[PDB]
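Encoded as structure tokens, the structure appears first; notes follow it.
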Amino acid sequence: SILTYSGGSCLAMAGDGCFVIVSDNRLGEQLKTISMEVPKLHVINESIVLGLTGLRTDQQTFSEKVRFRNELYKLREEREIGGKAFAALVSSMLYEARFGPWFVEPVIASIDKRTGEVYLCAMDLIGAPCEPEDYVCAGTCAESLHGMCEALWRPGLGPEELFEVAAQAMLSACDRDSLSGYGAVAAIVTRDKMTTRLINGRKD
Amino acid sequence: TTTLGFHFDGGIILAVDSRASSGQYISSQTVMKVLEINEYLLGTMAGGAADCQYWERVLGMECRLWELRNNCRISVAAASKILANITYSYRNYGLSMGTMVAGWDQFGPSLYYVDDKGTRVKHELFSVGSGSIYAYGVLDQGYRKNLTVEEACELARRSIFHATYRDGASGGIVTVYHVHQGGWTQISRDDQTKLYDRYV
Amino acid sequence: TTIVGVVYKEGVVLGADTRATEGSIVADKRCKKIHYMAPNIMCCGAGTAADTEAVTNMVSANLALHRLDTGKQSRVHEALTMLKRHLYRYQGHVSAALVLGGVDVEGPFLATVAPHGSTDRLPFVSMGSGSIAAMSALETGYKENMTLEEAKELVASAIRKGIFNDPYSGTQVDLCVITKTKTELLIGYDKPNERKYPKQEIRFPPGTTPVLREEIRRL
Amino acid sequence: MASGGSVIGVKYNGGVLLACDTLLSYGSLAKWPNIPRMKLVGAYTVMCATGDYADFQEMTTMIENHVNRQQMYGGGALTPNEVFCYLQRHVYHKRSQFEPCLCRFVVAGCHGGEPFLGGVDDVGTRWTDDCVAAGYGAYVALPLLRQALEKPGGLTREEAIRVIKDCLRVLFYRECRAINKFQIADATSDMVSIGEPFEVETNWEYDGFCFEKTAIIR
Amino acid sequence: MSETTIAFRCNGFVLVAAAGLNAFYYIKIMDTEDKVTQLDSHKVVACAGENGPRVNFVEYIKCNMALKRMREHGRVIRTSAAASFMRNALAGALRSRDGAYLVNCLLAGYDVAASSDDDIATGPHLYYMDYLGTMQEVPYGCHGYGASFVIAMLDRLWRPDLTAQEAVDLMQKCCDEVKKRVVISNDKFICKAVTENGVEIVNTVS
Amino acid sequence: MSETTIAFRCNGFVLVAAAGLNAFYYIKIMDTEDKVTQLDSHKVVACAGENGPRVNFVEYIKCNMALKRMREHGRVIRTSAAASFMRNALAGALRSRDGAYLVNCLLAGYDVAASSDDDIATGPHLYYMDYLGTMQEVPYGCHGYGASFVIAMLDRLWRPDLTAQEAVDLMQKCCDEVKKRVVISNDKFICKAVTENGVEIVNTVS
Amino acid sequence: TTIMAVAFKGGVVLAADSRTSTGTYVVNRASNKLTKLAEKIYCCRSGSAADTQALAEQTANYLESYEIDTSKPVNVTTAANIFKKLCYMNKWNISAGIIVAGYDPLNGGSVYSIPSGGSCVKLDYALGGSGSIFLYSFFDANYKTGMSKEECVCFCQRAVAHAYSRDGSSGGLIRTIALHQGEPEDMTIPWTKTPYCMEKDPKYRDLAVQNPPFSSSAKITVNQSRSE
Amino acid sequence: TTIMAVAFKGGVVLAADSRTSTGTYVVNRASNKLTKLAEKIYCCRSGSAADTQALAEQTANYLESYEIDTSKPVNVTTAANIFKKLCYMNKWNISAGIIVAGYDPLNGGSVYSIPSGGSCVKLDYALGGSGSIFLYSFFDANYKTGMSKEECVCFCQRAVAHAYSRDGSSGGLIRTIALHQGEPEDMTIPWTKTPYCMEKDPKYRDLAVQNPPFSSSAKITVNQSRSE
Amino acid sequence: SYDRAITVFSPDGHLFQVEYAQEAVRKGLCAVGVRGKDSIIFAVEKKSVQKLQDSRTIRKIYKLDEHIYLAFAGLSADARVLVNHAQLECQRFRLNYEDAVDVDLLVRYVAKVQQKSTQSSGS
Amino acid sequence: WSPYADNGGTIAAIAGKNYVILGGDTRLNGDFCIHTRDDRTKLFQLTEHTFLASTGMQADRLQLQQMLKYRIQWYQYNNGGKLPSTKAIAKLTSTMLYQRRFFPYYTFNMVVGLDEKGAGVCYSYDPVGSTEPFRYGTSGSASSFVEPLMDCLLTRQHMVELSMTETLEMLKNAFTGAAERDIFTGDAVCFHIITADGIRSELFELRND
């Protein structure tokens with residue numbers, strides 16, 4: 001499969017006026033490992049983080065299109081885009097390419113700066129949104145991420161407990177996956193601050 | 001999978017990893033990929049796990065009957081032959097195997113490679129499996145005949161380690177065995193992540 | 001998916017289950033499958049979610065211009081027709097399947113639209129993977145000039161057949177009720193699968209995960 | 001390739017009902033509308049199947065003969081549970097030779113005041129339960145019988161008949177290769193009996209089915 | 001993967017090397033094709049793959065860079081921009097009618113301050129690319145069947161502070177390992193170095 | 001055809017040579033496998049192809065010849081009978097269940113009078129064979145991808161009256177041409193000579 | 001599907017079953033396969049419902065335009081030709097078998113068959129759909145020219161019912177419409193008043209003797225009804 | 001092929017067309033598809049002629065042996081079971097649809113259908129071959145129980161003729177045979193005395209108006225017969 | 001096919017077929033073996049010197065492999081069969097195990113061929 | 001027509017110093033349907049200390065269970081009435097699966113039991129019989145999420161002894177989460193706790209949808 005060629009996984013969870021998003025650091029060509037220092041997270045503005053997985057040429061190209069449109073948005077509109085409009089926009093671009101797709105699967109995580117309400121979205125490769133309240137994930141160890149989060153996640157959590165949940169998840173899931181791994185990077189976002197952490201993991 | 005072996009002045013080293021990977025999902029990190037056939041011969045296992053374990057167990061049953069019938073230990077030449085002839089006869093039946101056989105009989109250390117088609121080759125240095133293409137890189141720089149036992153165990157450990165670091169389907173614990181005149185000896189097991197910190 | 005619709009004496013009831021799946025895993029337990037088309041027309045969707053979303057949105061936008069232009073209320077037939085033209089053009093590549101229901105000056109209207117572009121106006125319909133199970137509740141239980149309450153009980157029972165017998169459908173019933181004068185969404189009308197064993201809480205004391213490196217940024 | 005459609009069955013307090021229609025098809029052709037598809041096997045047991053009628057005939061012959069011979073040569077009367085077990089072994093064996101029995105069986109019976117009902121599919125899968133079905137029965141009927149059995153303390157004979165008929169009516173409405181003509185067998189008091197064919201009442205007269213409302217072009 | 005290429009970056013240079021071989025099926029046509037193409041005064045690219053995609057591709061890069069330098073008074077473009085340009089063209093071709101360039105590249109540059117106003121971090125950069133448009137900065141990288149052997153040696157022996165002489169020895173050993181273990185014959189390597197003073201051929205590496 | 005073999009017959013000998021290489025896909029496992037197998041005191045066979053068919057095949061020839069020599073008081077079999085035996089087995093396997101031996105062979109013998117009663121023409125004979133069971137006496141012959149290059153050189157340079165020294169030079173040049181022009185690496189050759197006094201390795205030919 | 005049209009003196013009758021199916025499962029049991037093209041021209045649709053709905057809609061759009069221009073009622077042959085051309089231009093992309101029939105003052109009642117491939121044939125009756133292959137012999141044996149409107153409605157209802165009793169892919173209601181110089185007359189017959197089914201036909205009442213009891217005689221009598 | 005058998009009180013009638021074809025071309029126009037299995041048991045063969053000739057020959061060989069052993073005439077059910085088993089054991093290797101019918105003193109006239117796949121069904125009438133799908137409705141509409149021998153021969157002849165007039169793969173003679181307590185009666189009707197064909201049926205005499213002349217009116221009248 | 005039981009016990013634990021086989025050995029010409037330090041010597045008696053017998057006489061000491069000889073006494077034709085089986089066995093072993101068969105191994109193969117002929121119906 | 005069907009569902013086991021706990025769900029799935037919510041064929045007892053647990057195709061697990069049940073009866077008859085230990089049955093089972101190399105059982109199996117020292121063990125197999133002895137194991141539809149969770153809670157490799165009760169609660173939690181997310185796993189779980197004393201069993205409800 002083509003969505004698994006390059007490797008990688010991403011996960012985002014919500015808490016109470018916070019989220020965490022994590023990605024692994026591996027880039028590959030099927031089983032051959034090219035780099036161990038490629039995190040898949042992109043910061044859009046103070047409020048929005050983008051995760052992309054799938055084929056790396058299309059992650060690289062589709063994030064450059066997102067960046068381009070965002071810059072023009074900011075000059076026309078003289079403001080930052082909100083999490084929900086950014087996701088609707090992303091969706092529109094994936095579906096523009098409905099009969100010849102970008103092989104990416106995005107994970108968007110955001111927070112309304114005013115109301116402190118957290119918006120999560122994940123998309124299939126033609127832009128169908130899946131917007132639950134607990135978590136989202138994508139990439140080569142998404143099956144194994146589901147059950148980690150169903151058993152560790154709980155409503156209400158604050159930044160530091162949400163960070164442990166979300167790091168134990170990513171590590172235990174990457175460790176049963178041959179195409180994602182080499183530890184992780186996590187962004188933790190509140191209305192007030194954005195913390196980043198590089199987490200240690202296995203060297204296989 | 002990664003396995004290597006080579007022959008030097010003090011005997012033979014075998015080293016392996018312990019991961020079993022469908023291709024995406026990792027089923028185990030604790031496979032024992034060296035097979036103690038008996039107490040003077042070792043196999044290694046690469047390719048299909050069920051195939052290698054059934055046929056080396058069969059091999060071990062023939063090495064034992066030989067020794068009941070003849071009152072003496074079978075040679076490494078003949079052991080590898082029994083196994084090459086089984087693989088040869090199954091050539092058309094889809095087995096998947098890449099084995100080393102190693103022993104120290106009366107003519108000294110012998111290392112063979114034997115595969116699912118019936119190949120059987122004797123030589124002084126081999127590496128088998130998906131990560132072989134990285135192990136040979138490190139192993140060809142460091143290998144020579146007059147290594148000490150400690151230097152040779154380090155060379156093999158560092159070689160498997162470098163394969164686990166770069167190959168998706170190799171990983172886990174690195175195990176090194178030494179085949180000497182007296183039989184064989186498991187020398188070490190070290191998790192490859194703990195080795196990362198030793199070598200950085 | 002299990003979507004259902006019925007006509008009753010003064011309007012339409014649409015129903016849906018709420019599980020969305022990727023593969024054989026539940027991605028979202030409480031997804032919303034009943035979509036706005038106009039003040040007096042809603043749509044439930046099955047098929048490929050992206051396609052069902054794109055076409056409904058598009059026709060809902062085009063119906064809105066048409067109401068600003070005409071200054072009249074949207075007709076259910078107009079929606080049905082814009083839907084079918086679009087799906088016909090794409091030869092089922094756009095694989096949306098829809099139950100459409102509304103009420104306009106000519107009374108209640110309920111129809112299905114398949115992905116190749118065929119339509120069928122009928123007094124009761126089902127679609128999606130649990131369509132068969134659902135449809136067996138509807139044929140035993142529909143009658144003419146049902147009251148609102150009977151209609152709601154029939155739609156919910158039809159969705160629950162899907163929920164418990166089709167593996168791709170699950171969680172709860174959402175209804176939508178449409179009448180000459182209002183549209184009323186009813187998320188979680190029926191929740192037949194609540195928790196039993198309250199979850200074991202598993203805790204990680206902060207500082208459980210080893211961090212190599214940290215950076216902070218004040219907003 | 002005479003083939004039978006749906007079969008359904010349900011347990012009630014005191015016994016079990018099996019039902020099907022009397023039709024063999026060939027593809028879309030309704031070829032024989034007057035075939036009795038249910039077969040009595042021994043003293044306590046009755047079977048039916050969806051699928052290839054030739055494979056059903058062959059398999060029930062083989063079974064009925066084992067059962068009758070065993071009884072006649074001093075080895076007693078096989079029970080539903082035993083018949084069922086033997087069936088599943090033979091289905092499985094044939095699958096294992098790549099010469100399958102292309103049928104799906106439903107088996108019913110009553111021995112020791114305990115009613116049996118179970119299913120066997122063409123690769124050898126078997127299960128017992130309070131309601132079993134084959135064909136479009138599994139998609140159309142089971143949701144109704146299962147809803148019916150939710151009531152606590154189980155079903156009376158009459159409530160089991162009513163719900164069997166509602167399922168029949170839906171099959172007749174939504175299953176292409178069917179007809180409005182059905183039989184019911186009833187296992188109870190350690191014996192099976194097969195009823196005469198009957199028909200169910202259907203509805204066709206809703207206002208939403210009229211010509212003007214279903215017209216594609218006004 | 002019949003043509004191995006190799007590159008690594010050290011504190012004050014990049015070494016690049018590529019196998020000379022040009023083949024027609026099993027026949028060796030020649031073993032001295034230079035595949036390490038200079039793009040500008042402080043850039044090279046080693047491409048792997050067929051003559052035709054490979055030449056057409058690097059000629060298109062060269063001409064577009066040359067056109068960017070006169071429409072800009074001869075100002076040297078940064079290595080990271082040349083890589084971004086290369087990447088967009090590999091990616092574009094991949095969704096085009098005529099289809100992808102089947103070339104795999106290693107781009108090596110040394111960035112040097114345009115003017116005094118220029119705040120640029122001055123030094124060597126290496127970029128791995130693939131025919132799909134994957135692109136990644138790296139401290140070393142390779143393509144072709146010899147790639148795995150060399151990558152592991154370099155994981156084992158490469159450090160950032162190698163002197164120019166040690167890094168030639170290491171480049172030499174990586175070429176020998178390719179010869180020893182790859183069945184396709186990569187018998188002769190051409191190796192160039194990219195430094196603050198520009199591109200220069202390394203003669204002792206064969 | 002990854003393994004080239006070569007042979008030619010001159011007035012009082014046959015030279016045979018075969019490439020040492022054993023490979024697993026693109027990886028060189030070793031380059032010193034002797035593939036020129038001695039069958040008896042005045043016979044050799046160079047086989048080309050996979051280890052497994054190749055070993056099983058020549059072991060079966062050896063054992064059946066050995067069994068023919070004790071059921072006959074150690075009398076040496078003629079080269080043309082060994083070839084006829086080899087041919088019948090290649091041909092037989094080709095119509096068998098398990099299918100053909102995928103080996104290509106060159107059989108070289110020097111025939112020497114059994115007794116005084118024996119009228120046999122005494123000298124060297126070479127036979128080409130293929131995995132199908134084709135068999136043909138020849139003054140020189142080859143198998144593998146290097147075969148065409150060498151066949152033409154020998155059409156150009158081979159004569160019957162070469163001295164042992166000239167024929168080693170010619171064998172050496174044929175091995176160099178294979179190295180120069182075949183992309184698969186046949187880097188090391190083992191070469192043996194079959195004479196009136198028996199089989200002997202030729203060390204200067206590498 | 002089973003569709004048909006029949007000419008009588010002064011008009012036509014069109015008839016159809018009411019079933020839409022996915023092969024094995026009925027998705028609509030009350031379709032309307034008699035589609036209006038102009039006041040007195042209808043078609044009977046068979047094949048893909050998506051295709052024949054789109055071509056009928058398109059044919060109707062063209063004829064309404066033409067009638068406004070001309071200011072006259074449109075003749076059947078015009079309907080038939082417009083449709084035919086649509087069916088011919090798209091022959092590789094659709095599955096459609098059509099019958100156009102109608103009344104017009106110039107040529108009276110007329111019937112055109114337009115089968116797959118897009119030919120167009122002008123007949124006294126036409127059959128179509130999967131269920132048609134059961135009615136050729138029916139019509140050969142039982143149909144007559146000279147029938148009145150009432151004979152022809154009744155005959156069509158009885159043909160459809162014969163077809164749909166044996167065709168797995170037809171069933172449900174029987175709809176008809178009669179077109180002539182007067183007002184269009186439509187009729188729908190529910191399955192419970194069908195003039196023929198095998199379920200009610202007395203020669204299929206008694207069951208085949210497939211399941212005789214274990215007996216001491218080769219004589220065959222009755223199906224075993226109760227356990228021994 | 002069109003084959004059929006019908007029970008009457010006291011006996012059966014078997015009927016068949018006479019054509020053997022390669023698809024498009026008739027290789028034999030006078031086959032005999034009514035094959036004898038014992039004095040009063042016959043079968044009607046459809047499908048591969050090679051297969052059904054070999055299975056009938058084999059079934060006949062077995063029954064003659066059995067009748068010598070038993071010393072009794074053989075019952076129809078025995079013929080039917082022997083054949084059925086041959087048709088079931090070889091189902092993947094043949095193309096055969098068979099009807100066995102016969103008279104015997106114990107059970108009178110009986111008819112078994114043995115279609116492809118090797119089932120065996122005991123009926124009051126059976127249809128088979130490609131031409132069968134045109135006769136279901138015929139029989140549903142026109143067949144009755146209680147018919148005498150003479151009514152049943154005549155009815156069979158008329159059914160076969162209806163079938164073969166519409167089935168490209170049937171045609172030629174109509175052969176029948178009547179089996180009862182008396183002597184076997186065979187009959188062959190030539191195509192020139194067939195009780196039905198479309199060539200002689202008056203509702204198909206006048207030709208469809210596909211080729212009207214170039215005219216100044218949309219009115220349709222007659223086919224153009226002569227150049228202008 | 002002939003399957004009679006030939007070698008059977010009789011009333012005191014005697015297998016007569018085996019005894020009479022050993023009688024046949026006692027009538028056969030004498031053979032001797034003698035093991036030195038590093039040489040084995042096989043010596044056999046030949047029938048009787050004749051003018052007519054061929055000077056190049058047939059050998060009654062057979063080679064089984066490059067390093068193993070056999071001499072016998074008894075029915076010379078039976079022995080030729082036995083020597084055949086043993087030559088096959090040595091070559092079979094090279095083919096299955098690459099190494100050359102040990103004498104002690106080859107002896108157990110032969111001895112078991114003799115034992116089986118004392119228990120195999122038909123023979 | 002394939003000879004293969006996957007009837008779905010999940011099993012899981014955990015060992016500790018003198019007990020093993022074994023769980024399997026009770027749904028039997030068809031094609032887009034459910035045959036029943038109360039199948040108990042996934043777990044099969046072989047001796048009083050040894051269980052077989054299987055997922056995949058149910059008809060295959062029923063055959064394998066019978067072939068094992070008669071090899072085990074034969075061992076007893078040939079061995080003086082004794083039962084083979086858990087280690088022996090596990091080796092027996094591997095041997096037997098390999099032997100259908102060429103037309104394999106579509107089964108993911110576990111042999112679970114006490115060892116000779118009284119401690120739990122679990123052998124997970126592939127379809128042709130490669131295995132090892134481990135402290136925990138899982139297989140089937142939900143196994144790719146149950147397994148990292150058990151890796152996490154029992155080994156704790158990315159962090160800084162349990163009772164029978166704590167272990168039974170962990171498994172109960174793991175099946176509850178599996179049923180929420182895996183659409184082929186549900187209804188109930190049958191749990192057997194194996195100690196030297198004997199075998200305790202306990203049903204446990206799960207989501208019905």
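Scheme for the structure tokens: letters A, B, ... for chains in order shown; per-chain residue numbers from 1; ligand numbers from 1 in order shown.
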
Open item on the list: Would you pick out the contacts of segment 144-148 of chain H at 12 Å or less, using only C-alpha atoms, so that residues sharing its chain but fewer than 4 positions from it are not included, and give the list as a ChimeraX atom specification?
Closed with: /G:201-204 /H:6-13,124-125,138-140,152-156,178,180

Go ahead and save the picked residues with N, CA, C and O atoms, as a tab-separated table (two decimals), in the first residue's frame.
chain	number	residue	atom	x	y	z
G	201	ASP	N	-53.85	-21.18	-8.25
G	201	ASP	CA	-54.17	-22.05	-9.36
G	201	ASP	C	-54.32	-23.46	-8.86
G	201	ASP	O	-53.36	-24.00	-8.30
G	202	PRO	N	-55.50	-24.08	-9.01
G	202	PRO	CA	-55.76	-25.43	-8.46
G	202	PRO	C	-54.89	-26.60	-8.93
G	202	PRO	O	-54.75	-27.59	-8.23
G	203	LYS	N	-54.29	-26.52	-10.12
G	203	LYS	CA	-53.35	-27.56	-10.49
G	203	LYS	C	-52.03	-27.48	-9.73
G	203	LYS	O	-51.27	-28.43	-9.79
G	204	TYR	N	-51.77	-26.45	-8.93
G	204	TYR	CA	-50.57	-26.50	-8.10
G	204	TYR	C	-50.89	-26.62	-6.62
G	204	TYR	O	-50.02	-26.43	-5.79
H	6	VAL	N	-46.01	-35.31	-20.03
H	6	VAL	CA	-47.25	-34.96	-19.37
H	6	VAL	C	-47.92	-36.25	-18.91
H	6	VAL	O	-47.98	-37.25	-19.60
H	7	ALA	N	-48.44	-36.21	-17.70
H	7	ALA	CA	-49.20	-37.33	-17.21
H	7	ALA	C	-50.67	-37.20	-17.61
H	7	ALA	O	-51.22	-36.10	-17.73
H	8	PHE	N	-51.26	-38.35	-17.92
H	8	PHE	CA	-52.70	-38.47	-18.08
H	8	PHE	C	-53.14	-39.71	-17.32
H	8	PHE	O	-52.31	-40.46	-16.78
H	9	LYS	N	-54.44	-39.96	-17.28
H	9	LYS	CA	-54.88	-41.03	-16.41
H	9	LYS	C	-54.59	-42.35	-17.10
H	9	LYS	O	-55.19	-42.70	-18.12
H	10	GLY	N	-53.64	-43.07	-16.56
H	10	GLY	CA	-53.29	-44.32	-17.17
H	10	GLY	C	-51.91	-44.31	-17.84
H	10	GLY	O	-51.43	-45.39	-18.12
H	11	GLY	N	-51.27	-43.15	-18.02
H	11	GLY	CA	-50.07	-43.11	-18.83
H	11	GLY	C	-49.40	-41.76	-18.89
H	11	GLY	O	-49.69	-40.87	-18.12
H	12	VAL	N	-48.44	-41.66	-19.78
H	12	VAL	CA	-47.76	-40.42	-20.03
H	12	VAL	C	-47.70	-40.19	-21.50
H	12	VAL	O	-47.66	-41.13	-22.22
H	13	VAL	N	-47.46	-38.94	-21.88
H	13	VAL	CA	-46.99	-38.60	-23.21
H	13	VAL	C	-45.65	-37.90	-23.13
H	13	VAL	O	-45.47	-36.98	-22.35
H	124	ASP	N	-46.42	-33.81	-12.36
H	124	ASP	CA	-47.54	-34.08	-13.25
H	124	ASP	C	-47.17	-33.61	-14.68
H	124	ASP	O	-47.62	-34.16	-15.65
H	125	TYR	N	-46.27	-32.65	-14.84
H	125	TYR	CA	-45.67	-32.42	-16.12
H	125	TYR	C	-44.30	-31.80	-15.96
H	125	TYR	O	-43.92	-31.35	-14.89
H	138	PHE	N	-47.71	-20.92	-21.07
H	138	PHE	CA	-48.60	-21.68	-21.93
H	138	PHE	C	-49.35	-22.65	-21.06
H	138	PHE	O	-50.55	-22.71	-21.08
H	139	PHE	N	-48.60	-23.49	-20.36
H	139	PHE	CA	-49.14	-24.51	-19.48
H	139	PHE	C	-49.95	-23.95	-18.32
H	139	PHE	O	-50.98	-24.47	-18.02
H	140	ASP	N	-49.46	-22.91	-17.67
H	140	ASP	CA	-50.22	-22.21	-16.64
H	140	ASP	C	-51.60	-21.74	-17.11
H	140	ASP	O	-52.56	-21.80	-16.37
H	152	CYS	N	-53.99	-35.20	-24.63
H	152	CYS	CA	-52.65	-34.95	-24.17
H	152	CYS	C	-51.65	-35.01	-25.32
H	152	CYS	O	-50.72	-34.21	-25.35
H	153	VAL	N	-51.79	-35.93	-26.28
H	153	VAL	CA	-50.91	-35.94	-27.45
H	153	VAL	C	-51.05	-34.60	-28.19
H	153	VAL	O	-50.08	-33.87	-28.48
H	154	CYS	N	-52.29	-34.29	-28.49
H	154	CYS	CA	-52.57	-33.08	-29.21
H	154	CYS	C	-52.04	-31.83	-28.50
H	154	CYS	O	-51.38	-30.93	-29.09
H	155	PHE	N	-52.29	-31.72	-27.21
H	155	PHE	CA	-51.78	-30.61	-26.43
H	155	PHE	C	-50.22	-30.54	-26.48
H	155	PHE	O	-49.62	-29.50	-26.71
H	156	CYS	N	-49.54	-31.65	-26.26
H	156	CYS	CA	-48.10	-31.67	-26.41
H	156	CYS	C	-47.62	-31.20	-27.79
H	156	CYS	O	-46.63	-30.48	-27.88
H	178	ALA	N	-46.63	-42.11	-26.56
H	178	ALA	CA	-47.62	-42.34	-25.53
H	178	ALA	C	-47.46	-43.75	-24.95
H	178	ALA	O	-47.45	-44.74	-25.68
H	180	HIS	N	-48.58	-46.46	-21.80
H	180	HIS	CA	-49.76	-46.76	-20.98
H	180	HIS	C	-49.83	-48.28	-20.92
H	180	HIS	O	-48.84	-48.92	-21.24

Task: Residues near residue 41 of chain J, cut-off 10 Å, only C-alpha atoms, skip fewer than 3 positions along chain, as a PyMOL selection string - done: (chain D and resi 126-127) or (chain J and resi 24-26+28+38+44+52-55+58-59+61-62+65)

Task: Neighbour list for residue 128 of chain H as a list in words, cut-off 10 Å, only C-alpha atoms, skip fewer than 5 positions in-chain - done: residues 1, 2, 3, 4, 5, 16, 44, 45, 46, 47, 97, 98, 99, 113, 114, 115, 133 and 135 of chain H

Can you spit out the residues from that selection as a short mmCIF file (atom, residue, chain, number, x, y, z; two decimals), in the first residue's frame, using N, CA and C atoms?
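Saved the output as result_5.cif:
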data_model
loop_
_atom_site.label_atom_id
_atom_site.label_comp_id
_atom_site.auth_asym_id
_atom_site.auth_seq_id
_atom_site.Cartn_x
_atom_site.Cartn_y
_atom_site.Cartn_z
N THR H 1 -33.46 -27.01 -27.93
CA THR H 1 -34.31 -28.21 -27.74
C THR H 1 -35.57 -27.75 -27.01
N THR H 2 -36.67 -28.44 -27.26
CA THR H 2 -37.84 -28.34 -26.46
C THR H 2 -38.33 -29.75 -26.18
N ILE H 3 -38.32 -30.19 -24.93
CA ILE H 3 -38.79 -31.49 -24.47
C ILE H 3 -39.84 -31.29 -23.41
N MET H 4 -40.69 -32.28 -23.26
CA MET H 4 -41.70 -32.21 -22.24
C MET H 4 -42.35 -33.58 -22.03
N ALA H 5 -42.93 -33.79 -20.87
CA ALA H 5 -43.72 -34.98 -20.62
C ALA H 5 -44.93 -34.61 -19.80
N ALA H 16 -41.10 -34.01 -28.26
CA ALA H 16 -39.87 -33.28 -28.50
C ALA H 16 -39.81 -32.72 -29.91
N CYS H 44 -36.56 -38.03 -22.30
CA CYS H 44 -36.36 -36.96 -23.23
C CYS H 44 -35.07 -36.28 -22.88
N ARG H 45 -34.15 -36.20 -23.83
CA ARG H 45 -32.81 -35.71 -23.70
C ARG H 45 -32.71 -34.26 -24.10
N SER H 46 -32.06 -33.43 -23.28
CA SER H 46 -31.67 -32.10 -23.67
C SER H 46 -30.26 -31.86 -23.19
N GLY H 47 -29.58 -30.93 -23.85
CA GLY H 47 -28.22 -30.57 -23.53
C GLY H 47 -27.29 -31.25 -24.53
N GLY H 97 -30.04 -32.05 -19.24
CA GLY H 97 -31.34 -31.96 -18.59
C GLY H 97 -32.27 -33.06 -19.08
N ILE H 98 -32.78 -33.89 -18.19
CA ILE H 98 -33.42 -35.15 -18.55
C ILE H 98 -34.84 -35.17 -18.01
N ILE H 99 -35.73 -35.85 -18.70
CA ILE H 99 -37.04 -36.19 -18.21
C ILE H 99 -37.20 -37.66 -18.39
N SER H 113 -38.57 -34.98 -13.53
CA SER H 113 -37.60 -34.04 -14.04
C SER H 113 -36.24 -34.26 -13.38
N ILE H 114 -35.20 -34.29 -14.17
CA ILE H 114 -33.88 -34.33 -13.61
C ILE H 114 -33.08 -33.25 -14.29
N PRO H 115 -33.16 -32.01 -13.82
CA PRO H 115 -32.35 -30.94 -14.37
C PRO H 115 -30.86 -30.93 -14.03
N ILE H 133 -38.64 -22.33 -21.55
CA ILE H 133 -38.92 -21.04 -20.94
C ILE H 133 -40.05 -20.31 -21.68
N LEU H 135 -42.83 -22.05 -22.52
CA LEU H 135 -44.02 -22.86 -22.31
C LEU H 135 -44.63 -22.82 -20.91
#

Task: helix (DSSP H, G or I) call set, DSSP backbone run, chain D, as a PyMOL selection string - done: chain D and resi 53-72+80-96+137-140+142-149+157-174+207-209+211-214
